[PDB]
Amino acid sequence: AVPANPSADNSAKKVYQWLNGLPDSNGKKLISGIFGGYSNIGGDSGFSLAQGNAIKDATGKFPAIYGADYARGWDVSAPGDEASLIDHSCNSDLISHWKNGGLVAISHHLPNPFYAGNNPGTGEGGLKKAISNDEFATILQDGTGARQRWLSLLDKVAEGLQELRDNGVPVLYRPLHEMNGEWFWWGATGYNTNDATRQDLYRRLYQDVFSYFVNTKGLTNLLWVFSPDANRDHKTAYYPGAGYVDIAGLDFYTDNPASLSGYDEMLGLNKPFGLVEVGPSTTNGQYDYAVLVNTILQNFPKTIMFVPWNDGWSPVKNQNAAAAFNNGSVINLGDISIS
């Protein structure tokens, strides 16, 4: 099994190979992570090492994967300043993390390129502003204002991913996540609706990102994550195909960790599978993270990573983080051995 980009650099190739071996691995086989936050926002949700350091304090382990998100799609910008809503100053810490033997994961709550200023007259940014199939289609038509903002957004993401490339850092790159959910602009029109033409447009949009980044931007360091929402239907209806995807993901929020649906559907892709976003439904500090680690290990053994979200989803703000992260089968920072 080789990366989807035929030009994948050595660093990305050796990581992907190592990920492909872990379900067969006797000892450690389940990679830990945390979401460190959003690049360049204030307060607890902002990116820093704080999320990791709090887990080191609670568990004595630093998560193996540190996640950042480049974008604040919930905020409006000036029309023509849309790339202001993408920031990658998080990269400096992510590079130290790779250098200490951790892995880096990038998502982006992208602004909605259909709207100048990412401003649809809604009272906020267009992150969760739905658009029709006709409106969505304009993001893929040469010469449109939507396509121009789209590429401008992509350029500033690419800038950040290129810096990481130039420091020899492979990236678990998770674009256009939870696409089978009705909430994001890039996602479904409806709640569990089977819209073939939205499905086709999403596949086309993901493929647009893939070739832009693979050809034009020479982003050799990316392992492409396709992570639908575990609590919505038509999970693989949005799959762009084996040629576009390196890692199969689910975003999995629940009060009962055993209730995961989509597992065998997603194993069908024949890709390394991860719970690339994880936490409770109810943000009340009762979620048992040791239960999750055991439930994975016993019931979803092909699973090779778990990445809790930040805030009230963090193991720190919940139960038995220590037990979860010190499980004999868990890979934390310091535990990764690659040729």
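Start at 1 and count along the sequence shown; that's the residue number.
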Comparing 145-153 with 224-232, which stretch shows the greater average C-alpha B-factor in the deposited entry?
145-153
If you average the CA temperature factors as listed in the entry, which stretch comes out higher, 282-290 or 57-65?
282-290
Highest recorded Cα temperature factor - choice among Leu250, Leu176, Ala258, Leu172
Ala258
Selection by C-alpha B-factor (highest) of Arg204, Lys129, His109, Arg198:
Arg204
Lowest, middle or highest third: where is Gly121 by C-alpha B factor in its chain?
highest
Is the Cα B-factor recorded for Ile296 in the lowest, middle or highest third of its chain?
middle
Would the CA B-factor of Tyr70 place it in the lowest, middle or highest third of its chain?
lowest
Taking the chain's C-alpha temperature factors as the reference, tell me which third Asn192 falls into: lowest, middle or highest.
highest
Pull the Cα B-factor of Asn167 out of the PDB entry and bin it into the chain's lowest, middle or highest third.
middle
